[PDB]
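Counting from 22, one number per residue, gives the positions in the sequence shown under the numbering used here. Contents: one structure, followed by commentary.
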Amino acid sequence: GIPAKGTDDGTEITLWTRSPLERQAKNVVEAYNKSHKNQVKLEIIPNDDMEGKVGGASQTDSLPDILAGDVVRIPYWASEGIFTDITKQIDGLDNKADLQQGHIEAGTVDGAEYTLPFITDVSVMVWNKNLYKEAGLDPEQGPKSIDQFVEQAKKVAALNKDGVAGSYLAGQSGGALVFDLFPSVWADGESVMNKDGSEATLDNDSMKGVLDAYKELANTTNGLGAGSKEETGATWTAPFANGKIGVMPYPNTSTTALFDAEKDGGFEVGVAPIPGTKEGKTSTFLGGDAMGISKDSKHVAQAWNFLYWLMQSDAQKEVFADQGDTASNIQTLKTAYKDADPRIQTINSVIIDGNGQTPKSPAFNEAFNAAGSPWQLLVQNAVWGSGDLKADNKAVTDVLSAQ
Ligand SMILES: OC[C@@H]1O[C@H](O[C@@H]2[C@@H](O)[C@H](CO)O[C@@H]2O)[C@H](O)[C@H]1O
């Protein structure tokens, strides 16, 4: 940071991250604070509050020592000078090639590198094995295609049980919707953006299949749980956690809660990679938060001590693997989970297999995550409305390129 492994001298370091990653953030900070003189003062911020909080703090130069941001948000923040240039420190890491590359790439602008992985968050398919058995489905057969996803959701919908639906769609969360829907497109070998991130390529047969799948469930009695049309992103993981949804895309960072509920006598959870339109094709969204040292830090060496510590396979095993969470370190993924719950090892295989993507655009929030983004309207038109996929896609590109 200035020293190789930074300075551990009893400095209080501030770290900001977001509510969806709260369980993993707690584990990381608890472990750091138990093993260092330095202490991290953790703030966990609601997902939708980070843009305005970071923007406001940038203007009053009160950004924290360590800022973690959604990997889709980082390219913009890094372009605005939110982060201190740590190119030489990242480039000195012996194990740089083991670190989740999408998170480093998110923070790469003009040869400068600003970020490392903080918490990996990947999208997977989860299903309720109890509802599957009740519906006459094989409880171990996750969907291998978007068609099979529809069939399984429809059999759970046909149970006609109070508050039970086949699937659930985060209708008003552009962010949840990229996370949940992009992988089906990538699984098929299609793209959602051009290489620059300046154009949307969403008007494709795989995206149309995915939207038509959710349209079918929208037009099925009990197809999509109540709340799907209004879901802001604040509650989208709750209906499945509550045992009310047959099958849906889901964050790996929320699965440990499900595995725990199951150990405590709750319903049994299936996990599989998100499938393509094409039988047996799979992908994921290589998301989560990357972290950098803010432009406002007066403890760069102490912040670097945290950044350095977390990249090590030791810390990655302690804070991720030993807590049943997916690590940001591929060497940790390949070595530290040999006796983990098979569903954890299945989740890790969607990183190791290499079929996932991290979308990179300076305009990503404005085009995708933002409330009433062109992407949110595109999905809404296609699922609950009349879609014009060509027109809606061009609305996304007009934000991506303008400017
Ligand atoms: O934001 C894009 C990726 O999706 C996941 O985050 C989601 C939020 O956008 C949504 C609103 O909270 O909750 C989801 O967990 C990944 O963490 C992001 O990289």
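All residues carry an ideal CB built from backbone N, CA and C; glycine is no exception.
Can you check which of these residues, the options, is closest to residue i by C-alpha distance?
| i | options | result |
| --- | --- | --- |
| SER219 | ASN59, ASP409, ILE373, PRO96 | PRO96 |
| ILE107 | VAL321, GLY196, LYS150, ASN48 | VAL321 |
| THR379 | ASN149, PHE280, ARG94, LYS55 | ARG94 |
| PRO270 | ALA197, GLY230, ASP419, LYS302 | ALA197 |
| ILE351 | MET228, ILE368, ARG364 | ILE368 |
| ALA293 | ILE66, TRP148, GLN173 | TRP148 |
| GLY297 | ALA234, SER188, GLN122 | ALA234 |
| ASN54 | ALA221, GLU289, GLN337, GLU33 | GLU33 |
| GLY246 | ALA179, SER212, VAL199, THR222 | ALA179 |
| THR105 | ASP91, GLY128, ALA118 | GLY128 |
| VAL417 | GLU339, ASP226, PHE385, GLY408 | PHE385 |
| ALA388 | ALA423, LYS265, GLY31 | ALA423 |
| residue 443 | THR38, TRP405, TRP37, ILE66 | No answer is possible for residue 443: the residues shown for the chain start at 22 and end at 424. |
| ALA311 | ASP70, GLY73, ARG44, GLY90 | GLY90 |
| residue 425 | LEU307, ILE111, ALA259 | For the chain, the structure presents residues 22 to 424; residue 425 sits outside this window and is missing. |
| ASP183 | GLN162, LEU152, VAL213, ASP419 | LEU152 |
| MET146 | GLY31, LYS355, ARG364, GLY157 | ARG364 |
| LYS150 | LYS338, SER370, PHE261, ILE125 | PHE261 |
| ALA25 | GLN401, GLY113, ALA46 | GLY113 |
| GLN401 | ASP362, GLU251, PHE280 | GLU251 |
Going along the chain, which residues of its own chain have a beta-carbon closer than 6 Å to the beta-carbon of residue i, five neighbours each way excluded?
| i | result |
| --- | --- |
| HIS57 | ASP29 |
| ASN376 | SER304 |
| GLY27 | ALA322, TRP325, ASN326, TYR329 |
| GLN121 | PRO138, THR141, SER349 |
| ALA174 | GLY187, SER188, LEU238, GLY267, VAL268 |
| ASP224 | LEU410, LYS411, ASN414 |
| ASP119 | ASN350, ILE351, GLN352 |
| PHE341 | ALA348 |
| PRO41 | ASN68 |
Return the chain-ordered list of same chain residues with a C-beta closer than 7 Å to the C-beta of residue i, the five sequence neighbours on each side being excluded.
| i | result |
| --- | --- |
| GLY102 | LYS316 |
| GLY301 | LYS165 |
| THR253 | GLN193, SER194 |
| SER227 | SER205, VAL206, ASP209, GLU211, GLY297, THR298 |
| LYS355 | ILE373 |
When we look at the beta-carbon of residue i and count the other beta-carbons within 10 Å, is it buried (16 or more) or exposed?
| i | result |
| --- | --- |
| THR256 | exposed |
| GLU134 | buried |
| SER394 | buried |
| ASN263 | exposed |
| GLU172 | exposed |
| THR81 | exposed |
| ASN243 | buried |
| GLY76 | exposed |
| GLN162 | exposed |
| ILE23 | exposed |
| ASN48 | buried |
| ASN59 | buried |
Using a threshold of 7 Å, is the CB atom of residue i nearer than that to any non-hydrogen atom of ligand 1?
| i | result |
| --- | --- |
| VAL75 | no |
| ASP346 | no |
| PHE203 | no |
| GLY309 | yes |
| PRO383 | no |
| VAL93 | yes |
| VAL420 | no |
| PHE139 | no |
| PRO164 | no |
| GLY196 | yes |
| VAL199 | yes |
| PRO272 | yes |
| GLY254 | yes |
| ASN48 | no |
| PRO395 | no |
| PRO85 | no |
| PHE261 | no |
| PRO41 | yes |
| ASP142 | yes |
| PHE306 | yes |
| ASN240 | no |
If you drop the 5 nearest sequence neighbours on each side, which residues of the same chain put their C-beta closer than 8 Å to that of residue i?
| i | result |
| --- | --- |
| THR35 | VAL61, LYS62, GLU64, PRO85, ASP86, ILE87 |
| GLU283 | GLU289, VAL290 |
| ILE167 | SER205, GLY230, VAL231, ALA234, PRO296, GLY297, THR298 |
So what does residue i bridge to, in DSSP terms?
| i | result |
| --- | --- |
| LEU88 | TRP37, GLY313 |
| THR129 | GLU134 |
| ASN149 | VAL290 |
| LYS62 | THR35 |
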